[PDB]
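J.: Structure in structure tokens, see below.
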Amino acid sequence: XXXXXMX
Amino acid sequence: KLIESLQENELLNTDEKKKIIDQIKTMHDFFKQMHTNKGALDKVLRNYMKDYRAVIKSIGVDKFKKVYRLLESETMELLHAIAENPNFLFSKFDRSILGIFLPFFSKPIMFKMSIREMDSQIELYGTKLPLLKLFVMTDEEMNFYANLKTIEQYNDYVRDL
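Residue numbers (the entry's author numbering), protein chains in the order written: chain E, 1 to 7; chain A, 21 to 181.
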């Protein structure tokens with residue numbers, strides 16, 4: 001979540 | 021958006037994995053060198069920016085040094101995540117974690133950027149990352165990765181976003 005909130 | 025990668029990715033073989041790890045390490049040292057070395061930071065800005073001139077006036081080394089302190093930190097947390105959980109960085113899809121650091125490491129990316137682009141990117145990073153605790157795993161997360169067995173489960177685990 002935290003990661004894909006940045007890709 | 022990137023379900024493309026999430027539709028043909030396979031497992032990462034031993035060497036492809038290390039390839040990823042060394043890349044994270046190379047950036048982590050680069051980042052540290054920016055805020056720790058003054059000559060280093062100015063030297064990188066002159067060779068990467070399309071217009072070094074305007075960058076020192078519009079943005080300044082002071083703001084660049086900031087993100088890099090925070091970039092070194094994040095590269096450190098990810099590196100530990102990697103150590104403490106073998107299967108983190110299971111497939112080729114995970115190569116997408118790299119996209120967080122490339123905009124401040126790759127010469128082509130930063131050369132193409134503009135002043136404004138860089139300024140807001142720096143501002144954005146400065147605001148999200150501090151309060152985003154990325155790569156800080158929980159037992160639940162660790163357990164999960166500990167159990168991973170096939171790209172099938174993983175792909176659905178992520179397909180489930």
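Here a beta-carbon is modelled for each residue, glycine too, at the ideal position from N, C-alpha and C.
Any beta-carbon of chain D closer than 8 Å to the one on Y145 (chain A)?
T.: Absent from the structure: chain D. Protein chains present are E and A.
J.: On a Cα-Cα basis, can you pick out the residue from A:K127, A:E104, A:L98 that is closest to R115 (chain A)?
T.: For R115 (chain A), the nearest C-alpha among the options comes from A:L98.
J.: Once the 5 residues before and after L154 (chain A) are set aside, which same chain residues still bring their CB inside 8 Å of it?
T.: Excluding positions up to five away in sequence, the list reads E94, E97, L98, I120.
J.: Of the residues A:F108, A:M138, A:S111, which one's Cα is nearest the Cα of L122 (chain A)?
T.: Checking every option, the nearest Cα to that of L122 (chain A) belongs to A:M138.
J.: Do you know how far the Cα of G80 (chain A) is from the Cα of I41 (chain A)?
T.: When rounded, the distance between both Cα atoms is 31 Å.
J.: Count the C-beta pairs between the segment 47 to 65 of chain A and the segment 23 to 33 of chain A that are closer than 8 Å, then say yes if the count reaches three, no if not.
T.: Contact fails: fewer than three Cβ-Cβ distances are below 8 Å.
J.: Under three-state DSSP, which class holds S140 (chain A)?
T.: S140 (chain A) falls in the helix class under three-state DSSP.
J.: Among the residues of its own chain, which have a CB less than 7 Å from the CB of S111 (chain A), if the five just before and after it don't count?
T.: Cβ within range, chain order: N29, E30, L31, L32, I171, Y174.
J.: Run the CB neighbour count on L22 (chain A), radius 10 Å, all protein chains shown included, and call it buried at 16 or more, exposed below.
T.: It counts as exposed.
J.: Give the single residue among A:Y177, A:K169, A:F108 whose Cα lies nearest to the Cα of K37 (chain A).
T.: The candidate whose alpha carbon is nearest that of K37 (chain A) is A:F108.
J.: For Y88 (chain A), which option in A:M162, A:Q141, A:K77 has the closest C-alpha, if you only look at C-alpha atoms?
T.: Out of A:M162, A:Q141, A:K77, A:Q141 has the C-alpha closest to the C-alpha of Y88 (chain A).
J.: Hey, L26 (chain A) and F84 (chain A): beta-carbon distance below 8 Å or not?
T.: Not closer than 8 Å, so no.
J.: Return the bridge partner residues of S111 (chain A) from the DSSP annotation.
T.: Bridge partners of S111 (chain A): A:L31.
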